[PDB]
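Protein chains in written order, with PDB author numbering: chain H, 550 to 599; chain W, 263 to 300; chain Z, 301 to 350; chain E, 27 to 66, 81 to 100. Note that the Cβ used here is the ideal one computed from N, Cα and C, for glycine as well. The structure under discussion appears below in the form of C-alpha cells.
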Ligand SMILES: *[C@@H]1O[C@H](CO)[C@@H](O[C@@H]2O[C@H](CO)[C@@H](O)[C@H](O)[C@H]2NC(C)=O)[C@H](O)[C@H]1NC(C)=O
Ligand SMILES: *[C@@H]1O[C@H](CO)[C@@H](O)[C@H](O)[C@H]1NC(C)=O
Ligand SMILES: *[C@@H]1O[C@H](CO)[C@@H](O)[C@H](O)[C@H]1NC(C)=O
Ligand SMILES: *[C@@H]1O[C@H](CO)[C@@H](O)[C@H](O)[C@H]1NC(C)=O
C-alpha cells in the first residue's frame with residue numbers, strides 16, 4: 550500500500566487496528582510510536598472514447 | 263483480606279468497542295433466549 | 301483487438317485495466333534487544349579440560 | 027460459600043483496534059451470573089483457566 554502519517558490514537562498495549570470488513574489499515578511502527586495508515590495503490594478501468 | 267476463585271468455559275461472547283478501543287459491554291450467547299437472539 | 305472487426309461504431313468501449321506497480325520494499329522489525337554473552341565465553345580467565 | 031459472579035472477567039481476546047464495532051468472538055471466558063467460592081489456604085484444581093479476584097490492604 551501507501552503508508553502515511555495518521556491522526557488516529559491507539560491504546561498503549563495495542564499493536565495494529567482493523568476495519569469493519571476485517572481489513573488492516575492502521576499499523577503502528579515498531580520502533581517509533583508514530584502511527585501509520587495504509588492506502589491501496591491506485592487502479593481502475595481503461596476506456597476509449599472514439 | 264478476601265479472595266474469590268472461579269473457572270473459565272469456552273462460550274461465545276459478543277463485545278462492544280468504543281471510539282478509543284476499550285471494551286464497554288459484553289453479551290453472552292447461551293445464557294437466556296433473549297441473549298441468544300441478540 | 302477487443303471488438304473482433306476492422307470497423308468500430310461510435311460509442312464507448314472498455315479495453316483493459318490501469319495499475320500502479322510497487323517501487324521498493326521496507327521491512328522494519330522490532331528494535332534490537334538482549335544479546336547473548338558470547339564474549340564472556342571466549343574471553344574467560346581459564347577453560348576446563350576435555 | 028457461593029456468591030453471584032455478576033458480569034466480570036471480560037478480557038481482551040487479541041491485539042486489534044476496532045472503533046464502533048460489535049465484533050463477536052469465541053474464546054474462553056468467565057460465564058455470566060455464575061457461582062464463586064468465597065474464601066478467608082488449600083490447593084485448588086487449575087483445570088483450564090481461573091479468575092482470581094482479591095480485596096486486601098496488607099499485600100499478603
Ligand atoms: C530503538 O530505541 C531507541 C531508544 O528508544 C531509539 O533511540 C531514540 O531515537 C529517538 C528518535 O528521535 C531519539 O529522540 C531518542 O533520543 C533516542 N534514544 C536513545 C536512547 O538513543 C532508536 O531510534 C530505536 N531504533 C530505531 C531503529 O529507531
Ligand atoms: C476517548 O479519549 C478521549 C481523550 O480525552 C476522551 O475525551 C473520551 O472521553 C474517550 N472516550 C470515551 C468513550 O471515554
Ligand atoms: C575479547 O576482548 C577483546 C578486547 O576488547 C575484544 O577485541 C574481543 O572481541 C573480545 N572477544 C570476544 C569474543 O568478544
Ligand atoms: C449457586 O448456588 C446456589 C446455592 O446452591 C443455587 O441456588 C444457585 O442456583 C447457583 N447458581 C448457579 C448459576 O448455578
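- Shown here, residue 96 (chain E) sits in coil according to DSSP, grouped into three states, outside any helix or strand.
- Counting only heavy atoms of ligand 3, the residues whose C-beta sits closer than 5 Å to one of them are, along the chain, Z:339, Z:342 and Z:343.
- Of all C-beta pairs linking the region 564 to 575 of chain H to the region 32 to 47 of chain E, three or more are shorter than 8 Å, placing the two stretches in contact.
- Residue pairing for residue 554 (chain H): DSSP places it in a beta bridge opposite H:585.
- In the three-state DSSP reduction, residue 295 (chain W) falls in the helix class (H, G or I).
- For residue 275 (chain W), the number of other beta carbons within 10 angstroms of its own is at least 16, and it is reported as buried.
- Here residue 86 (chain E) is exposed. Its C-beta has fewer than 16 other C-beta atoms within 10 Å.
- For residue 50 (chain E), the CB stays at least 7 Å from every heavy atom of ligand 4.
- Beta-bridge analysis with DSSP links residue 62 (chain E) to E:29.
- Distance from the C-beta of residue 59 (chain E) to the nearest heavy atom of ligand 4 is below 7 Å.
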